[PDB]
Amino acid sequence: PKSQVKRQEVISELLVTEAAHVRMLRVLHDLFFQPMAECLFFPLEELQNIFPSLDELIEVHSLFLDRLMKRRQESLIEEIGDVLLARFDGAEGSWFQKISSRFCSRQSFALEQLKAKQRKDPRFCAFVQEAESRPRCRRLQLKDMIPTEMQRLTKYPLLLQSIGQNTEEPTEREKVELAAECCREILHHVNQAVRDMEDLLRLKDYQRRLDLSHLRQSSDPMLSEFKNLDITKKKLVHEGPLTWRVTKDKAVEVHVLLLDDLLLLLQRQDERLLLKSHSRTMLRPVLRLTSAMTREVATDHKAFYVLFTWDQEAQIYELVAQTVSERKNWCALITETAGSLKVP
């Protein structure tokens, strides 16, 4: 006691919530995933991208539950670290990371795919509503069960920390603290994979739509690299519509992508996204960020300028947002992204 009552309370909580987590994942499989496969609402390939490796996800949380239960039955309990390391360190740690990360990365894709089906297909709408009326859902909707894996990853450090900072015996406490650290690395690697997947799917759709016919037609030297442009594997820092004032007398609606080292000024033409050099030639739509600098426009608090210190011609992009905050945010983001870039 009482470091130790708290130690036992949190070890119990870990067990009891790991069980709850297993049960929901099984509900998600039995009530949604499996019957969706059988009804074939999506081709199976699509269904697997909505629930990436649900079977094996259940298994890795299951094996964790069974070890925790095995240890609880055979002990109050001293020594839990070895069990925590057995799920979160070494080859098992790696495997749990791989499987959880596959699932979590697809969360927001899954949510949208399900939501678009419900809106579009009354059959599938009635199907989800019926599954959600069932006692085994415990009042949770399909949209609440999916995020649950990512929620649980965020919980592991909280739980392992407490246990750790309430463990008296030193070698045990090191084990627990090592497992807490493993859960932090896991959460971090998953958080990074979620962003990579979110960015990847979004940029891959932008690649499909990207029209490069003008950069190919240009024999302007500065645009010869972007031939050939492939934004697919780049980091999408921020994006949004802005109005682009090529002059005081010519405004161009543009959708701009701030990647990690390029600024892309895209023209929306129906579904397509164009990179038009259009300029009074001389103002280009794809710009290297290494040299970028933003500035306020006093006559217009919604506007800003972007200039490239490397542009021997200099070469002002006057862009305007719908609110002051939003321009403020564009300037902050541009500056900070450019600020990261090393110089030769």
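Residues carry their position along the shown sequence, with the first being 1.
In this entry, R280 and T281 are separated by 4 to 9 residues of the deposited sequence that lack coordinates. Coordinates are lacking for 1 to 3 deposited residues between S75 and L76. Taking only CA atoms, the mean B-factor in the PDB entry is higher for 223-231 than for the other of 187-195 and 223-231. With 96-104 and 237-245 compared on mean CA B-factor from the PDB entry, the stretch scoring higher is 237-245. Residues shown: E271, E181, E132, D144. Highest C-alpha temperature factor in the entry: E271. Ranking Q113, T167, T154, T148 by the C-alpha B-factor listed in the PDB entry places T167 at the top. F304 sits in the middle third of its chain by CA B factor, as recorded in the PDB entry. Among all modelled residues in this chain, the alpha-carbon of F64 has a temperature factor (C-alpha) in the lowest third. Annotation for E296: C-alpha temperature factor in the middle third relative to the rest of the modelled chain, per the entry. In this PDB entry, the Cα temperature factor of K276 sits in the top third of its chain's modelled residues, the highest group. Looking at the C-alpha B-factors along this chain, the one for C39 belongs to the lowest third.
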